[PDB]
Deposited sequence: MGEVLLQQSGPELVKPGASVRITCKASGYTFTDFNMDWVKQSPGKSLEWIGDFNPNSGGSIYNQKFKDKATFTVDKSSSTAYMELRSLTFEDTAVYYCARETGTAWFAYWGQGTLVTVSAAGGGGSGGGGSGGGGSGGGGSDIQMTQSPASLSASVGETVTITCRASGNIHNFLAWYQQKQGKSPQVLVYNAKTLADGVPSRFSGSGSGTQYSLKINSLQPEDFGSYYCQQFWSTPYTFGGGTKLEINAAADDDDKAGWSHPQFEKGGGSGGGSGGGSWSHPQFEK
């Protein structure tokens, strides 16, 4: 097709203990050619990697957080990917995304986001943290338009330059800026510059513009489970 588009199902309002089956409709490419990932973002919180699914092999790799909560299925025929969330609790009120991998697990394409709201208005457990810890500095900043800003990402272990930078506008899916630590993605302005080696990486935005506000995230795709950085809220005074 003309463009790669990931399109998910509409918002869900569910009774606690229900089950939801989220849809991702992939078009614009050979569905089986790339892995599809599932990403959860709780309100006012960072992205979490649910897991990945291989549409060709049919093989799924899950983050142990969601080992019991999520299940990945496919439909190679209709070119759709699914994710079933079961025994839903109030914690599960989050926006769930499908993000398409390319060769390595950096996400060039994202689904619009499905909102699962768990409500008992009509009449469980916690979340941990494992392996590679991604630390983002600063947690928030504000700069006048035309200024230069530098954001850092510090990995607990060596990630071997398998780092990607994302920008998220309000109530929208994140969009990739930099992949492989230095490589600039298509259509991304030259202002964004990714630099770094080993466990310490940085993103520099030069001559920041009014469109630059949003949330910035860094992802490590060297080891599994893939992890995201806490994020940096960027506010533009101008």
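Missing stretches, numbered from 1 on the deposited chain sequence and kept in order: Gaps in the modelled chain, taken against the deposited sequence, lie at 124-134, 250-286.
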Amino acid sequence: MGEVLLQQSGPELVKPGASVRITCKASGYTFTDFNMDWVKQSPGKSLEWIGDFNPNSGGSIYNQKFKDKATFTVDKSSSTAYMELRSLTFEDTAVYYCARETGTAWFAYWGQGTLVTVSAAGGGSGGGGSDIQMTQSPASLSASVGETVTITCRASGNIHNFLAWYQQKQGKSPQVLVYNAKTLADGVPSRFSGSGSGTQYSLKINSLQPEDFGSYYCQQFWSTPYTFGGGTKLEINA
From here on, numbers count along this sequence of modelled residues.
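Between the two ranges 32-40 and 62-70, the one averaging a larger CA B factor in the entry: On average, C-alpha B-factors are higher across 62-70.
Output the stretch having the higher mean C-alpha B factor in the entry; the candidates are 72-80 and 102-110. Here the higher of the two C-alpha B-factor means belongs to 72-80.
Which one of 117, 140, 130, 167 shows the biggest C-alpha B-factor in the PDB entry? Highest CA B-factor of the listed options: 130.
Given 193, 199, 173, 180, the residue at which the Cα B factor reaches its maximum: 193 has the highest C-alpha B-factor of those listed.
Using only modelled residues of the chain, where does the Cα B factor of residue 237 rank: lowest third, middle third or highest third? Highest third of the chain for residue 237's C-alpha B-factor.
Would the CA B-factor of residue 158 place it in the lowest, middle or highest third of its chain? Lowest third of the chain for residue 158's C-alpha B-factor.
Looking at the temperature factor on the CA atom of residue 188, which third of the chain's modelled residues does it land in? Top third by C-alpha B-factor.
Per the entry's values, where does residue 227 land by CA temperature factor relative to the rest of its chain, in the lowest, middle or highest third? Ranked within chain, residue 227 CA B lands in the lowest tercile.
Within-chain third of residue 48 by Cα B-factor, per the entry: As the PDB entry reports it, the C-alpha B-factor of residue 48 lands in the lowest third of its chain.
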